[PDB]
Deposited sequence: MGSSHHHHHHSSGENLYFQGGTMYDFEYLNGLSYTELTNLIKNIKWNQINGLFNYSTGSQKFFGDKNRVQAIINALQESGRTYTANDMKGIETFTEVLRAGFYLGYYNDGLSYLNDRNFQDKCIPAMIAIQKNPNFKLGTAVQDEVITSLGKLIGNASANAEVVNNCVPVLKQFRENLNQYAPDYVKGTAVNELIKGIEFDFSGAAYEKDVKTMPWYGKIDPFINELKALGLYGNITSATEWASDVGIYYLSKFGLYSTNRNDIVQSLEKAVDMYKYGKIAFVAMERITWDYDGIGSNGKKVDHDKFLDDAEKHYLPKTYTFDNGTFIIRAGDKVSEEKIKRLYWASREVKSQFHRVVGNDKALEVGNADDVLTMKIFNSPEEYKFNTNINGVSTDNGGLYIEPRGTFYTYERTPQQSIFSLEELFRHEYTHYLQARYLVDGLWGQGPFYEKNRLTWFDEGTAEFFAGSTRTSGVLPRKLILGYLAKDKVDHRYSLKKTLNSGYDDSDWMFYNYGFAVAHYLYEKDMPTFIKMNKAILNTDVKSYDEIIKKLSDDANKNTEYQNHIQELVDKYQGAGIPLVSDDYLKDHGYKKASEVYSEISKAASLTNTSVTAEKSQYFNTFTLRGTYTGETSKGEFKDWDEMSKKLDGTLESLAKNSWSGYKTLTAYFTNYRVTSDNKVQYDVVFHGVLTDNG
């Protein structure tokens, strides 16, 4: 169509002679051809002239024959043009002839020429790019056993310089693209056919052996591990085209043993399971689950059992016993504050997995990654609680690996365990309160909030979250409306920090609403919850209140702290007669109709004392809550003035607010602490 111009349209290229065209292609870059990968009338007529594409194929072959270490003879730009051809032909009827294997094979003479060149080696940028381009072309075109086995020298060269070459992006990419391209083509052709019917079947043993050597290199480092990963993955794939099935499975099994509980061993097992029907070289079925089970025992060998086996920590061998204890005692501080605010400590459902809380704490982030392999959950996080398993997965960490210590993070995630067991009825995230966007701010916001639980001072803000709140006031602070009604669509990284601010704002400045809101969720009453959220969002004064609270929180940053369990918990408390502890607590807290259970843990025993507290005439539910909190914290503080160090392990909460027939405040009250009497 066109006969005048440095970007080039198909209408112009279509008008050139094949010799003027091929020459032009040879000394431009692929991106200079407009709409190369787009299907048009112009690209239709460019490809679809079988003579012109065969002209391009021929030019490529001549480049393969003549390229040097410093000059690529336009092999990249040629390969991309052909790739565009086979790509458009796969997707667009009218260029259907390009999708035909018999036509794709017309590139093999070009490929063989490229490989016969003395410069077909890893080395300089040109030589590497040729190998890269070749692999990408094979993925869209074709290969046969001859071209595949001609890659064996490259794979040898790479292997022989693995520590120099495997880390290099360019050389690593070259080899990866070569293997990946060939496999894509072969699996494409072998798709849904008897694999013994393929030409290359049995003819690629030299290539397969090069993958073997790569996969079983053994002396891998963090930098080179992917290379041997590649080796094993593709050993399995290409080994489908070997006559000795058991020989391949045997090498995959050696990978498993050689690499045991590193990445490559998981890959090797996957290959045996998927590519070889999970049947070992000895012909017997491989115990995949035992391997996973062994992997977990390796990574999490230590078990620490608390509360008659209802709080179990499985941990890496380097996670501190001291830490383990601190986490137990943290759990109790958060639990208690949560029950105070919610007013229920009876599990909503009978028989759920969370009847036992299991925590799995890997030694490190590195080792944490294997938890996706082992337990099938994401490890792109600092931790995760899976409610239907009643299991929290996380890992020990230094300050460099995370801003959050293990205790801080657990304190947050433990609240999710509390929400599912004690607050939100039904299955986690799959009830009325999730049929619309309702609890997104709440679930995360209150978790950040309850993480700041203390023993005797209620819930306190956490310095790090206040740190986040020191960011652009300018336009950036969420309004109350935005925080309450914002979801996964409308939000950025500060969402949960403003959700915490709403939680805290309500806690400190509007407890009546916080209690109402919590009751609404507890009672499974979406109507009332929605009304509270609408009232809050519609009242501009409440937003002015809230905007101020945000500044107040920000002002508290300088002097703020990380609520963390005291060292007092870890001291040697010494003996005290049980009935004396129960009497002093019962008297001090004015409890009636008390009962106690004792529970055995790894390093100590505990007790849980339950009673009824009937006070003076009610001053209203919310003022009652305020005063009961000060009375109960006062009781905890005065008990810790006693000589027995064990009184410093106490946590307490109250539930089931009611008024009596004579208007007297009433609660169920619960204390928990260490027990040092047989």
**Asked** So which bits of the deposited sequence did not make it into the model?
**Response** 1-14, 20-21, 695
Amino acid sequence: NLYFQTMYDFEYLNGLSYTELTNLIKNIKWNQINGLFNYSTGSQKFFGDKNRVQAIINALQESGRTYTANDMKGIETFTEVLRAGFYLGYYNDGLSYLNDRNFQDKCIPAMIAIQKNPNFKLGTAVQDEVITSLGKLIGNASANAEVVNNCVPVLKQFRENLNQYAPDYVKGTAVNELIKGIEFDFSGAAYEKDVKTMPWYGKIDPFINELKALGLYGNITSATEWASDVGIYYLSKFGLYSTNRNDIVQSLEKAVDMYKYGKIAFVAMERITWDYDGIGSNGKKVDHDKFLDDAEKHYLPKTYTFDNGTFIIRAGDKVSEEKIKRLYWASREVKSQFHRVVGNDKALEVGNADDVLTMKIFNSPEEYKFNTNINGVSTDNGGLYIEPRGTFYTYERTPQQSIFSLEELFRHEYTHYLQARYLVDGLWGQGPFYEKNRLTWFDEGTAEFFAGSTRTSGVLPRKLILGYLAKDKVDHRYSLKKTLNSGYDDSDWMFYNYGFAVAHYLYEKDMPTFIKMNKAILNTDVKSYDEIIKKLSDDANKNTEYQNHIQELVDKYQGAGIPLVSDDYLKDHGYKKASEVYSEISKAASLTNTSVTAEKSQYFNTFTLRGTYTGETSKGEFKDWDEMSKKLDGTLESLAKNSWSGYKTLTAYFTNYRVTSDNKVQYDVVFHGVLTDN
From here on, numbers count along this sequence of modelled residues.
**Fill in**
Entry B factor averaged over C-alpha atoms, 611-619 against 64-72: higher for 64-72
**Message:** Tell me which stretch has the larger mean Cα B-factor in this entry, 144-152 or 389-397.
**Reply:** 144-152
**Fill in**
Per the deposited B-factor column, the C-alpha that peaks among 183, 448, 489, 333 belongs to 489
**Asked** In the PDB entry, which of 267, 503, 175, 108 has its C-alpha at the highest B-factor?
**Response** 108
**Item:** B-factor third for the C-alpha atom of residue 215 within its chain
**Value:** lowest
**Message:** Split into thirds by Cα B-factor across the chain's modelled residues, where does residue 46 land: lowest, middle or highest?
**Reply:** highest
**Message:** Which third, lowest, middle or highest, does the C-alpha temperature factor of residue 508 belong to within its own chain?
**Reply:** middle
**Message:** Where does the C-alpha B-factor of residue 365 rank in its chain, lowest, middle or highest third?
**Reply:** middle
**Prompt:** Compared with the other modelled residues in the chain, in which third is the CA B-factor of residue 569?
**Reply:** lowest
